[PDB]
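J.: Here is the sequence, then the experimental structure:
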2 protein chains.
Amino acid sequence: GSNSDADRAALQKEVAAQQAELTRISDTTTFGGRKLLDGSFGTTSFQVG
Amino acid sequence: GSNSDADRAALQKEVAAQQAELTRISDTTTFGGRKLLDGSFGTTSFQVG
């Protein structure tokens, strides 16, 4: 309501913790010590023939 | 997967051992101390007439 919740400090802290959690989900997906979604993914290609 | 198995070092060791076993199969065919495939084979001709 632009004037009701003066708790904007903890609100920004909440969304900042959520962004940090997102950055963590980016990492910790190391299927082979080669974390998939984040970092530098080599744009691989699986040979099937 | 072009990036999934970082154990390509042991993979190379495996392939090199397979190649060395191939070269050993080439040797050790000393049918008379005249190993057929490698070593010294004169590419001779068997007389039958």
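T.: Ah, there it is. Numbers count the residues shown, from 1 in each chain, chains lettered A, B, ... in the order given.

J.: got the residues of chain A near chain B?
T.: Residues of chain A lying close to chain B by C-beta under 8 Å from any C-beta of the partner chain are A:31-34, A:42, A:44-47. Using the backbone N, CA and C atoms, a C-beta is placed for each residue, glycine as well.

J.: quick one: which of the residues you listed sit in helices?
T.: Under the assignment DSSP state H, those contribute nothing to helices.

J.: List buried residues within the residues you listed.
T.: For the residues of chain A next to chain B, a neighbour count by 16 or more other C-beta atoms under 10 Å in any protein chain shown gives the buried set as residue A:34.

J.: Could you count how many residues lie near residue A:2?
T.: 4 (other C-beta atoms under 10 Å in any protein chain shown).

J.: With residue A:26 instead?
T.: Residue A:26: 13 surrounding residues under other C-beta under 10 Å.

J.: Off-centre distance for stretch A:10-28?
T.: Centroid separation for stretch A:10-28 versus its chain: 7 Å, with C-alpha atoms, centre = their mean, to the nearest Å.

J.: Out of the residues of chain A next to chain B, flag the one nearest to chain B.
T.: residue A:44 (4.0 Å; C-beta to the nearest C-beta).

J.: ok, that closest one - contacts?
T.: B:1-4 (C-beta atoms under 8 Å, 6 or more residues apart in numbering or on different chains).

J.: most neighbours, which of those residues?
T.: Highest neighbour count within these, by other C-beta under 10 Å: residue B:3, with 14 neighbours.

J.: excluding its backbone neighbours, what's nearest that one?
T.: Excluding its sequence neighbours, the residue lying closest to residue B:3 (C-beta to C-beta, 6 or more residues apart in numbering or on different chains) is residue A:44, at 4.7 Å.

J.: Would you mind stating the distance between the one you found and residue A:8?
T.: Going from residue A:44 to residue A:8 by C-beta to C-beta, to the nearest Å gives 44 Å.

J.: swap in residue A:45?
T.: Distance from residue A:45 to residue A:8, by C-beta to C-beta: 47 Å.
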